[PDB]
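Data first, discussion second: the structure below is written as structure tokens.
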Amino acid sequence: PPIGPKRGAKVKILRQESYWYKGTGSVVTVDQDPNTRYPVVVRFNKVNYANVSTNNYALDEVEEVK
Amino acid sequence: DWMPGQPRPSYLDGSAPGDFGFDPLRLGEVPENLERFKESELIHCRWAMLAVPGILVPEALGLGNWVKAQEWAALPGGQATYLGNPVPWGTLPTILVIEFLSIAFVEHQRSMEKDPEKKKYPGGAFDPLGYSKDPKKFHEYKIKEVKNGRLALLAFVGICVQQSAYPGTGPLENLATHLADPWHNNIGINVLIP
Amino acid sequence: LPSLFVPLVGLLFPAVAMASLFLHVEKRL
Amino acid sequence: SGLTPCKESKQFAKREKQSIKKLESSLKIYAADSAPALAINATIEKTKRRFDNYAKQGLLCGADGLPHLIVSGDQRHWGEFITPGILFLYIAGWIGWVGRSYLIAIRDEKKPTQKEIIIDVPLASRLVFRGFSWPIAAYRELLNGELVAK
Amino acid sequence: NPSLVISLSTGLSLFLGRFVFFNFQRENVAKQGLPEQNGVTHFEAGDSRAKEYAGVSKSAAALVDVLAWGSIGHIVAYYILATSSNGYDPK
Amino acid sequence: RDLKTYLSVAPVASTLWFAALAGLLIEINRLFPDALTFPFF
Amino acid sequence: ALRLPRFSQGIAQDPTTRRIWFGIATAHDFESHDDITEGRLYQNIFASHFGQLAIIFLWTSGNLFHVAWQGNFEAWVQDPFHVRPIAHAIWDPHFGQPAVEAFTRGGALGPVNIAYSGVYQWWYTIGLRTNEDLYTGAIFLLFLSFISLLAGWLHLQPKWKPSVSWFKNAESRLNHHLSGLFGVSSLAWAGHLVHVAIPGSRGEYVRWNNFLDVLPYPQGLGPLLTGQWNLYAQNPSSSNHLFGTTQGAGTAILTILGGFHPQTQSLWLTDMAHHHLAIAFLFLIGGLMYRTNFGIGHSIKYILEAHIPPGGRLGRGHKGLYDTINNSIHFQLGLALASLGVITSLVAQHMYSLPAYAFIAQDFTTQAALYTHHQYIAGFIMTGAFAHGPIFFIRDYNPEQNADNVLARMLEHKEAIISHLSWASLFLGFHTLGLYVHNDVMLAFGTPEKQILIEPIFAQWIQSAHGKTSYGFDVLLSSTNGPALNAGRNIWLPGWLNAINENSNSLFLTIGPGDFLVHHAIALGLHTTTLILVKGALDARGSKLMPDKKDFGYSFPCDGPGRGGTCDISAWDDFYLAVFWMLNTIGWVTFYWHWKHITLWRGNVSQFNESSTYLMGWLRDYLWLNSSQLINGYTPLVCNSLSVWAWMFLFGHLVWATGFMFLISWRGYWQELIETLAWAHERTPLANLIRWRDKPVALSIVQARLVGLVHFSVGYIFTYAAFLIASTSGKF
Amino acid sequence: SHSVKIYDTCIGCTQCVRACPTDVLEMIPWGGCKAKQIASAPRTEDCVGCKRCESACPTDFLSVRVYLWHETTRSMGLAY
Ligand code: CLA
Ligand code: CLA
Ligand code: CLA
Ligand SMILES: CC1=C(/C=C/C(C)=C/C=C/C(C)=C/C=C/C=C(C)/C=C/C=C(C)/C=C/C2=C(C)CCCC2(C)C)C(C)(C)CCC1
Ligand code: SF4
Ligand SMILES: [Ca+2]
């Protein structure tokens, strides 16, 4: 089947070291490629210290939230 | 529900004796703790059942006050008395030692129990009449005990509170004071101002 | 007048100390 | 309350007396019918009124001769602290509650920061009087007061 | 009051220890166990319990027990001796 | 001009707000000076 | 190794001058040294501890030697009220003729310094009377200082070094420190008092030559073992008693009179002998709680494991917390410093109010000096306590082994702790400053009646509860129908009530609205300094700006200009920030103390009570006013004996401002400057014959903040000390 | 010299390598991301520690880190 969380779905970050740690964001796409350590690119409404609004995460680093 | 329309907490299914599903703080969520509590309520109650009469009856006679009896202890020599007679064992050090030694032993004895402190219903030499022979009958009695025990604890309190404010303590007396003019003599006067 | 221990503490000890530290510090084993 | 009421304090009277003499002294150079004179006489009348009110409102005074405030909660001095305070907390609560009503109205929108640097005055004027009943924030607290995520 | 008071208190205390509170106190000691840093404490430490000195022929009590109860005994007793002569007076 | 209204409500909104507040406070004082307490109850 | 510092290879390979600088500031950080083991760690510390004790014993030995050799003491004993104690002699060839004249005081033969540490009153009270006593005492400490070095050297030898598990035997050490180090020491101190100190205050000299065939008491130890101890309080010293003499002398050795000896204005010697004897009991019995080798006692671990509130509102409570502390020396130092910092302030606040040394209260400069002394020591100790706390979190804290216990939950809700400390600081700051400024405007507009002067009735109510007659109130011990009063009736109360209601002493001084404001300043100082320190501790292991602040250690310069910029983001750096605030806090405390007291000694508590409510008053009537005799130490017309304090006063200002350079200007500027000087030296004839062995570089980023802070602190301490002593001693 | 590490969190943007003033990093083939490349610190002896690399990383958390270590002439940026 398709690999990760749906595209529309919003997720909760589990990185700990991420700026948007216990917060949420929406997934843009999921790299379908195995070997790729961190796919699941996500974007956030608010910018981080480095002025960027998107980052990639591991599969176990995100929880679908509703 | 014994708060009329309030859901009963999960643990209390109303099977316990004296179980009216009252535990706004849920100090009984823990089973180990609650069991301890059931034991304590009874203990506290048993004393209370004893204390009110202890406090109330002598006053009907020459007690004057539960407070008054304690009065001698403060001054040297006491000697204190039970019924107009000093001693035996009149002085405070002797009583203190006798009490501490006699008591500690009895209670600690309790602190050697399993099977729920014999279910806080030991029934050994204690149930000579063996009221507990019948299980159905035994249960009814427990309810009587708890309700009665609770009634007693509540009363003790009032005595202390009443005793407070009215250092001219007269638990039995106050009642009179209430009786005389119940309308202008009530706690109300005590809850407010001169 | 023993108060002539002052220069010793005041100057001699410091000079010796400094020279020694300086040497230990610049040493290359 | 180791103090003495101001009405019956000598030091409190000496201050009113000394102050008026200082202003009256200045009164001398300007002569009578004059602008400064009327200005000084107005300060003198404002001075008398001040001390008069303090005594009138039962404020204790200290050996210094100056009123001191009781904030213990004593009933005779609620005017000193408690009454004005409640007044404050009402206003402070008002401002904060209205300010928080604006951010929530703004939050789900376009560029939310755009209305934080350029105020939506129609929206603000709509929300300002909601602070009048802000202590019914309590009833929001019974449900949606603060976020559960944290 | 005489020196006799010391004896009764110490005697009673000892009595209390040997026949009343004795079973319970041990129960607690077993549960508490000895101190352990990461586990046991004898492992370095040079110093460890003295099993022999601890052991006694009486059916239950040991010398160390004697020391403690006696001490409480003496202390409680001396406590009563002093409060007597103070002749402290309160309202 | 929509836009002019837009220049306004910027931090000019702060000054118009505080100037109004300052005025109100000043008049209150002019009316009720030297108040160390609330004496109406 | 190869060269200094050879506890660190990587720092010795530094070709710059930084190797020397950093070689000195890391000499005691044993854990960061090369090839360090847990064994060598505990052994180095243990040895350092003996070295420290050796210095302490040696230091006091010096004071004793010099007081005996260059100080009067004996002259001071005859006239305590009218003789200035001498610190030591002054031998300075730089001294001009006037300076030698101006400084020869106290009836000395040459120029001398006047002691303000109060060792004279201490040793007189203690029993010491002549110089011979002081010398043998100095010898004894010189001896103790030797056996300290000797013991430190001994346990560094392989056959006497203690194992690490020996150091981790907590219950044994506690059983001995409570029972022996605290108890027996205190017990034996009361012994000195009833043998030497108390009889010495009654004219009879009891030294080593005659303390055997001489009784401390007529009944002589009979009643103690009898049980009738009350006999030792049968005949106390009279109210007309004179210290050092038999006029009014009693026989009692253990009392509880309370209050002060009328002549000396200090606590009764018979009150203090009793005090330490009673202390030694709770300590002696107290040091038998934990388990050793006799089958009785407590397992400290097992207690902590057992203290978990059901309903898990504290999670797993204190489980695993035993090893968390016993394995981490920083956690232990943190606990030690915090506890020690509190009782250091406790000492300060009790020795000015309840003097224990004969004739110490009359010496106002000494009283001012000692109070300020300890409050700064306490302050510094407190920041250190909050420094090793962070260090612990970084170096020793094990997250998995502290899973869900009270320590972990701290980090778990750290944002909540920090934000509220921020609120408390903001609340106190906005209003304390607010009220001060409001009052200054009123004084400016010439209307002091418009001030906001809040009466501190809560604290006034406390003083009343203690028995102070002022304010009225009719509280406990201030009311005739009080169970608390009649209970202590005619024991310690007559002495206490008399002392608390004496208008001379500093026993619970009268407080007013001016006292209200400064206390909130004090409250502000405490909350902010704590806010800084605990924000530092709880963020030591990371934040959102720097998730991995661990891995980088306690002290690092920064994390660069990226992510917005990260200067002063290390836990070491908020320590650095907090010291400023702690200096500000203690400054407010000592300003408060010293102004209240000089006005009291001057008989003018009015000036304090009316000027401490507005800040101009502090500047004008405290600082500007009392600076008069100080800044006139030397003059275009003359020099005084206060000249040294005038010089030090500027010295303090100089060091203070010099530190501003290191704190305001940062490194890149100086590095580029030095490299232009590197060019100069090489291109200068006759000078380039001489080459540097260490490459000249700018001080590092952290080093700058350290050097800057030290200057700021040294200036701070030396400036106020110059003012405190001069303004006081100039007037007395 | 200083210590510089890279993490599989790297996306192969290559910006740090472009940011470095002393040629410490370089890119090497990899298969953990769509760019198929990852940074490397084969010459940490020439690093100065200015962190221009870190200042240029777009990973949520830096994928390139610089741990300032023992100081050498090279790291101290000395022309003398
Ligand atoms: C405790 C340390 C200490 C001591 C004991 C001295 C002592 C002295 N200083 Mg120095 N000084 C010091 C610290 C000290 N100072 C510090 C920290 C500073 C920096 C602020 C100075 C700055 C300073 C200045 C600017 C001057 C002095 C001068 C003097 C002399 C003034 C007395 C005089 O005129 O008699 C006698 C005057 C003489 C010239 C006699 C000369 C002494 C003979 C030549 C000694 C022989 C040389 C000696 C053996 C070599 C040292 C060897 C040793 C390092 C191993 C006196 C010897 C004054 C001075 O020396 O005059 C030129 C002077 O100008 N001092
Ligand atoms: C029981 C007391 C105690 C002990 C044993 C320690 C022990 C330690 N500390 Mg702690 N500390 C303490 C109290 C203590 N501290 C207090 C009270 C504070 C608050 C001021 C601190 C604040 C502190 C910080 C910020 C740090 C430590 C660090 C350390 C560790 C390294 C020490 C070192 O080698 O540097 C050697 C120290 C020196 C060579 C001293 C030079 C600098 C001093 C301050 C200047 C001297 C003052 C000045 C010259 C006075 C003369 C002026 C003149 C005009 C009269 C070591 C474990 C460091 C650490 O965590 O390890 C990485 C660390 O950075 N401490
Ligand atoms: C006198 C100089 C000064 C002042 C006023 C402050 C003030 C403050 N410090 Mg700083 N600090 C200082 C020196 C100073 N510090 C120095 C030299 C250092 C060493 C680097 C530090 C290091 C330091 C640290 C590490 C921290 C602070 C914190 C704070 C805040 C503490 C909370 C508080 O008081 O709330 C009240 C606010 C004030 C007292 C300042 C408000 C000023 C006025 C009254 C505001 C009103 C403006 C008015 C309308 C006029 C407007 C002018 C117009 C042009 C707009 C407060 C803002 C702590 C903090 O951030 O708190 C959470 C914090 O952690 N300080
Ligand atoms: C009886 C009495 C009393 C009492 C009181 C009390 C109860 C007390 C207290 C007290 C207290 C309550 C105190 C406290 C404190 C504290 C502090 C000062 C702190 C600290 C700290 C620190 C510094 C820490 C650190 C750390 C960290 C941060 C991390 C981890 C580790 C550690 C822990 C190290 C009164 C007065 C009422 C009355 C009279 C008598
Ligand atoms: S730090 Fe500066 S030098 Fe070292 S690698 Fe990153 S960029 Fe190159
Ligand atoms: Ca006093």
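Residues are named by chain letter and number: chains run A, B, ... in the order of the structure tokens, numbers start at 1 in each chain, and ligands are numbered from 1 in the order shown.
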Q | residue 1 in chain H surroundings by only C-alpha atoms, 6 Å radius, close-in-sequence under 2 positions cut, as number ranges by chain | A | H: 45, 69-72
Compile the contact shell of range 33-37 of chain F as a PDB file with N, CA, C and O atoms, in the first residue's frame: residues with an atom at most 8 Å away, counting only C-alpha atoms, same-chain residues fewer than 5 positions apart removed.
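As a result, part_18.pdb now contains:
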```pdb
ATOM      1  N   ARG D  50      -6.679  68.955  50.557  1.00  0.00           N
ATOM      2  CA  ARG D  50      -5.987  67.674  50.631  1.00  0.00           C
ATOM      3  C   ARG D  50      -5.931  67.147  52.061  1.00  0.00           C
ATOM      4  O   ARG D  50      -6.507  66.099  52.361  1.00  0.00           O
ATOM      5  N   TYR D  54      -7.816  63.817  54.112  1.00  0.00           N
ATOM      6  CA  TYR D  54      -7.126  62.718  54.749  1.00  0.00           C
ATOM      7  C   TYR D  54      -7.611  62.521  56.155  1.00  0.00           C
ATOM      8  O   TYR D  54      -7.826  61.399  56.583  1.00  0.00           O
ATOM      9  N   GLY D  79     -10.694  51.191  52.041  1.00  0.00           N
ATOM     10  CA  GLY D  79     -10.503  52.289  51.125  1.00  0.00           C
ATOM     11  C   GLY D  79      -9.040  52.448  50.833  1.00  0.00           C
ATOM     12  O   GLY D  79      -8.655  52.864  49.763  1.00  0.00           O
ATOM     13  N   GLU D  80      -8.226  52.173  51.830  1.00  0.00           N
ATOM     14  CA  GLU D  80      -6.793  52.274  51.687  1.00  0.00           C
ATOM     15  C   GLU D  80      -6.208  51.273  50.703  1.00  0.00           C
ATOM     16  O   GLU D  80      -5.297  51.604  49.985  1.00  0.00           O
ATOM     17  N   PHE D  81      -6.698  50.041  50.688  1.00  0.00           N
ATOM     18  CA  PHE D  81      -6.141  49.044  49.790  1.00  0.00           C
ATOM     19  C   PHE D  81      -7.093  48.159  49.035  1.00  0.00           C
ATOM     20  O   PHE D  81      -7.097  48.120  47.828  1.00  0.00           O
ATOM     21  N   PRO D  84      -9.705  49.816  46.340  1.00  0.00           N
ATOM     22  CA  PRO D  84      -9.128  50.221  45.056  1.00  0.00           C
ATOM     23  C   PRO D  84      -8.617  49.048  44.258  1.00  0.00           C
ATOM     24  O   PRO D  84      -8.691  49.042  43.045  1.00  0.00           O
TER      25      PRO D  84
ATOM     26  N   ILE F  28      -9.438  63.318  35.393  1.00  0.00           N
ATOM     27  CA  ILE F  28      -9.918  62.722  36.617  1.00  0.00           C
ATOM     28  C   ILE F  28      -9.194  63.365  37.755  1.00  0.00           C
ATOM     29  O   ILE F  28      -9.787  63.737  38.741  1.00  0.00           O
TER      30      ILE F  28
ATOM     31  N   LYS G 450       1.468  62.993  50.352  1.00  0.00           N
ATOM     32  CA  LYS G 450       0.878  62.255  49.240  1.00  0.00           C
ATOM     33  C   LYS G 450       1.578  60.921  48.989  1.00  0.00           C
ATOM     34  O   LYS G 450       1.158  60.152  48.126  1.00  0.00           O
ATOM     35  N   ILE G 452       3.007  57.021  49.383  1.00  0.00           N
ATOM     36  CA  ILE G 452       2.402  55.738  49.710  1.00  0.00           C
ATOM     37  C   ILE G 452       3.287  55.009  50.709  1.00  0.00           C
ATOM     38  O   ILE G 452       4.290  54.397  50.343  1.00  0.00           O
TER      39      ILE G 452
END
```
Q: With only C-alpha atoms and all ligand atoms counted, collect every polymer residue having an atom within 9 Å of ligand 5; state the result as a ChimeraX atom specification.
A: /H:2-4,16-25,41,43-55,64-68,75
Q) Can I get the residues close to ligand 6 as a PyMOL selection string, where close means within 6 Å and we count only C-alpha atoms and all ligand atoms? A) chain G and resi 500-503+505-509
Q: Dump the neighbourhood of ligand 3 as a count of residues only: all residues within 7 Å, distances computed on only C-alpha atoms and all ligand atoms.
A: 19
If the limit is 6 Å from any atom of ligand 4, counting only C-alpha atoms and all ligand atoms, which residues qualify? Return them as a PDB file with C-alpha atoms, in the first residue's frame.
```pdb
ATOM      1  CA  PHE G 331      24.817  17.084  43.944  1.00  0.00           C
ATOM      2  CA  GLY G 334      25.200  21.722  45.872  1.00  0.00           C
ATOM      3  CA  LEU G 335      23.234  20.482  48.871  1.00  0.00           C
ATOM      4  CA  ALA G 338      22.849  25.657  49.873  1.00  0.00           C
ATOM      5  CA  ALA G 385      25.082  26.000  45.326  1.00  0.00           C
ATOM      6  CA  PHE G 386      23.091  26.852  42.204  1.00  0.00           C
ATOM      7  CA  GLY G 389      23.251  21.917  40.689  1.00  0.00           C
ATOM      8  CA  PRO G 390      23.530  22.608  36.917  1.00  0.00           C
ATOM      9  CA  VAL G 534      17.336  27.808  38.319  1.00  0.00           C
ATOM     10  CA  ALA G 537      20.135  24.723  35.967  1.00  0.00           C
TER      11      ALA G 537
END
```
Q) What separation in Å, quoted to one decimal, exists between CA of residue 44 in chain G and atom 27 (C, counted along the ligand's line) of ligand 2? A)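 Spanning CA of residue 44 in chain G to atom 27 (C, counted along the ligand's line) of ligand 2 is a straight-line distance of 16.6 Å.
For chain G, the residues no farther than 8 Å from chain D when using only C-alpha atoms are residues 448, 449, 452, 453, 454, 455, 457, 458, 470, 471, 472, 473, 513, 606, 609 and 610 of chain G.
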Please produce an output containing N, CA, C and O atoms for each residue in the selection, written as a compact mmCIF listing (two decimals), in the first residue's frame.
```txt
# COMPACT_ATOMS: atom_id res chain seq x y z
N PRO G 448 5.02 65.58 50.84
CA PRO G 448 5.29 64.26 51.43
C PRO G 448 4.04 63.55 51.95
O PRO G 448 4.07 62.34 52.15
N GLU G 449 2.96 64.29 52.17
CA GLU G 449 1.72 63.69 52.67
C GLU G 449 1.08 62.80 51.61
O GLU G 449 0.25 61.94 51.93
N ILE G 452 3.01 57.02 49.38
CA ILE G 452 2.40 55.74 49.71
C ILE G 452 3.29 55.01 50.71
O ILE G 452 4.29 54.40 50.34
N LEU G 453 2.92 55.10 51.98
CA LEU G 453 3.69 54.50 53.06
C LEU G 453 2.90 53.35 53.69
O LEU G 453 2.10 53.56 54.60
N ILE G 454 3.14 52.14 53.20
CA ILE G 454 2.44 50.96 53.70
C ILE G 454 3.08 50.44 54.98
O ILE G 454 4.26 50.12 55.00
N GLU G 455 2.28 50.35 56.04
CA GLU G 455 2.76 49.83 57.31
C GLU G 455 2.94 48.31 57.23
O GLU G 455 2.04 47.60 56.77
N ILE G 457 2.46 45.71 59.00
CA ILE G 457 1.80 45.23 60.20
C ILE G 457 1.93 43.72 60.40
O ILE G 457 1.82 43.24 61.53
N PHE G 458 2.17 42.96 59.33
CA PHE G 458 2.38 41.52 59.45
C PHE G 458 3.60 41.25 60.32
O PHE G 458 3.55 40.44 61.25
N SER G 470 5.45 47.85 71.75
CA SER G 470 5.03 48.80 70.72
C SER G 470 3.89 48.22 69.89
O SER G 470 3.57 47.03 69.98
N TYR G 471 3.26 49.08 69.09
CA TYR G 471 2.16 48.70 68.20
C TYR G 471 0.90 48.22 68.94
O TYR G 471 -0.19 48.21 68.36
N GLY G 472 1.04 47.83 70.20
CA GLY G 472 -0.08 47.29 70.95
C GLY G 472 -0.41 45.87 70.54
O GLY G 472 0.38 44.95 70.77
N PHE G 473 -1.61 45.70 69.96
CA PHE G 473 -2.08 44.46 69.34
C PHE G 473 -2.60 43.39 70.32
O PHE G 473 -3.52 42.65 69.98
N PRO G 513 7.08 51.96 57.51
CA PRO G 513 6.85 51.94 56.05
C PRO G 513 8.14 51.91 55.24
O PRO G 513 8.16 51.33 54.15
N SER G 606 14.86 58.77 63.46
CA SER G 606 13.95 59.63 62.71
C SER G 606 14.43 59.83 61.28
O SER G 606 13.64 59.77 60.34
N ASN G 609 13.74 56.72 59.29
CA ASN G 609 12.32 56.45 59.14
C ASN G 609 11.63 57.39 58.15
O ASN G 609 10.63 57.02 57.53
N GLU G 610 12.18 58.59 57.98
CA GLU G 610 11.56 59.57 57.09
C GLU G 610 12.24 59.68 55.73
O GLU G 610 11.66 60.21 54.79
```
Contacts of range 61-65 of chain A within 12 Å, only C-alpha atoms, excl. fewer than 5 positions in-chain, as a short mmCIF file (atom, residue, chain, number, x, y, z; two decimals) with N, CA and C atoms, in the first residue's frame:
```cif
data_model
loop_
_atom_site.label_atom_id
_atom_site.label_comp_id
_atom_site.auth_asym_id
_atom_site.auth_seq_id
_atom_site.Cartn_x
_atom_site.Cartn_y
_atom_site.Cartn_z
N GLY A 4 3.33 6.00 3.92
CA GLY A 4 3.15 6.69 5.19
C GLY A 4 1.83 7.29 5.57
N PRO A 5 1.92 8.43 6.35
CA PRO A 5 0.64 9.03 6.70
C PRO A 5 0.09 9.69 5.47
N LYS A 6 -1.22 9.77 5.40
CA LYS A 6 -1.88 10.38 4.26
C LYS A 6 -1.28 11.75 4.05
N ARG A 7 -1.55 12.35 2.91
CA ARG A 7 -1.01 13.68 2.63
C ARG A 7 -1.73 14.78 3.41
N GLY A 8 -3.05 14.73 3.49
CA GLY A 8 -3.76 15.79 4.19
C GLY A 8 -3.54 15.83 5.69
N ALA A 9 -3.21 14.67 6.24
CA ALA A 9 -3.08 14.47 7.66
C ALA A 9 -2.09 15.31 8.39
N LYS A 10 -2.47 15.67 9.61
CA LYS A 10 -1.65 16.47 10.47
C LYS A 10 -1.03 15.54 11.47
N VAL A 11 0.21 15.80 11.84
CA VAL A 11 0.95 14.95 12.73
C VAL A 11 1.58 15.67 13.90
N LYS A 12 1.94 14.91 14.92
CA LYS A 12 2.57 15.43 16.13
C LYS A 12 4.02 14.98 16.13
N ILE A 13 4.94 15.92 16.24
CA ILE A 13 6.37 15.63 16.22
C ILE A 13 6.89 14.91 17.43
N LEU A 14 7.82 13.98 17.26
CA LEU A 14 8.36 13.28 18.41
C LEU A 14 9.87 13.39 18.49
N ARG A 15 10.44 14.32 17.76
CA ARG A 15 11.88 14.50 17.74
C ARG A 15 12.56 14.95 19.02
N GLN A 16 11.87 15.66 19.87
CA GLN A 16 12.48 16.13 21.10
C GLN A 16 13.41 17.27 20.82
N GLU A 17 14.28 17.08 19.86
CA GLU A 17 15.23 18.11 19.54
C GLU A 17 14.72 19.03 18.46
N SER A 18 13.47 18.84 18.08
CA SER A 18 12.87 19.67 17.08
C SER A 18 12.24 20.88 17.68
N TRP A 20 9.46 22.35 16.75
CA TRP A 20 8.06 22.10 16.91
C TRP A 20 7.90 20.75 17.57
N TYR A 21 8.45 20.60 18.75
CA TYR A 21 8.42 19.32 19.42
C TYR A 21 7.10 18.67 19.74
N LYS A 22 6.35 19.21 20.67
CA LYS A 22 5.12 18.54 21.08
C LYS A 22 3.97 19.19 20.40
N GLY A 23 4.30 19.81 19.29
CA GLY A 23 3.32 20.52 18.49
C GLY A 23 2.91 19.73 17.26
N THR A 24 2.13 20.36 16.38
CA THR A 24 1.67 19.68 15.18
C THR A 24 2.03 20.42 13.89
N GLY A 25 1.84 19.72 12.78
CA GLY A 25 2.09 20.26 11.45
C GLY A 25 1.49 19.30 10.44
N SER A 26 1.32 19.75 9.20
CA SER A 26 0.72 18.90 8.17
C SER A 26 1.79 18.33 7.25
N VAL A 27 1.63 17.06 6.89
CA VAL A 27 2.59 16.42 6.00
C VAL A 27 2.34 16.88 4.56
N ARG A 37 16.24 7.46 5.06
CA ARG A 37 16.15 7.53 6.49
C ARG A 37 15.01 8.36 6.97
N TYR A 38 14.93 9.60 6.51
CA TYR A 38 13.86 10.44 6.96
C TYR A 38 13.02 11.05 5.89
N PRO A 39 11.82 10.41 5.65
CA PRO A 39 10.96 11.08 4.67
C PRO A 39 9.88 11.84 5.43
N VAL A 40 8.64 11.80 4.99
CA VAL A 40 7.58 12.50 5.70
C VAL A 40 7.80 14.01 5.89
N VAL A 41 8.12 14.72 4.82
CA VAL A 41 8.34 16.15 4.94
C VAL A 41 7.10 16.84 5.50
N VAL A 42 7.32 17.76 6.43
CA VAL A 42 6.22 18.48 7.06
C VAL A 42 6.47 19.97 7.09
N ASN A 55 10.55 20.47 7.47
CA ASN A 55 11.61 19.55 7.82
C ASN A 55 11.19 18.11 7.59
N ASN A 56 12.15 17.21 7.44
CA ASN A 56 11.85 15.80 7.22
C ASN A 56 11.99 15.02 8.51
N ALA D 149 -3.14 20.72 25.23
CA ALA D 149 -1.96 20.19 24.57
C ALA D 149 -0.71 20.29 25.45
#
```
Q. What residues in chain A lie within 6 Å of chain G, counting only C-alpha atoms, written as a PyMOL selection string?
A. chain A and resi 17+19+49-50
For N, CA, C and O atoms, I'd like the residues from the last selection saved as a PDB file, in the first residue's frame.
```pdb
ATOM      1  N   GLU A  17      14.281  17.084  19.855  1.00  0.00           N
ATOM      2  CA  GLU A  17      15.226  18.112  19.537  1.00  0.00           C
ATOM      3  C   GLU A  17      14.716  19.033  18.465  1.00  0.00           C
ATOM      4  O   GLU A  17      15.420  19.892  17.989  1.00  0.00           O
ATOM      5  N   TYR A  19      12.208  21.967  16.933  1.00  0.00           N
ATOM      6  CA  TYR A  19      11.611  23.186  17.428  1.00  0.00           C
ATOM      7  C   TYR A  19      10.146  22.993  17.674  1.00  0.00           C
ATOM      8  O   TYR A  19       9.631  23.418  18.670  1.00  0.00           O
ATOM      9  N   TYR A  49      13.971  28.992  14.655  1.00  0.00           N
ATOM     10  CA  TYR A  49      15.052  29.952  14.856  1.00  0.00           C
ATOM     11  C   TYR A  49      15.785  30.218  13.567  1.00  0.00           C
ATOM     12  O   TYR A  49      16.146  31.348  13.279  1.00  0.00           O
ATOM     13  N   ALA A  50      15.994  29.177  12.779  1.00  0.00           N
ATOM     14  CA  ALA A  50      16.563  29.323  11.462  1.00  0.00           C
ATOM     15  C   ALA A  50      15.223  29.593  10.850  1.00  0.00           C
ATOM     16  O   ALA A  50      14.272  28.924  11.221  1.00  0.00           O
TER      17      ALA A  50
END
```
Q) Which one is closest to chain E: G:369, G:491, G:407, G:526? Count only C-alpha atoms. A)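 Checking each candidate against chain E, we get G:491 as the closest.
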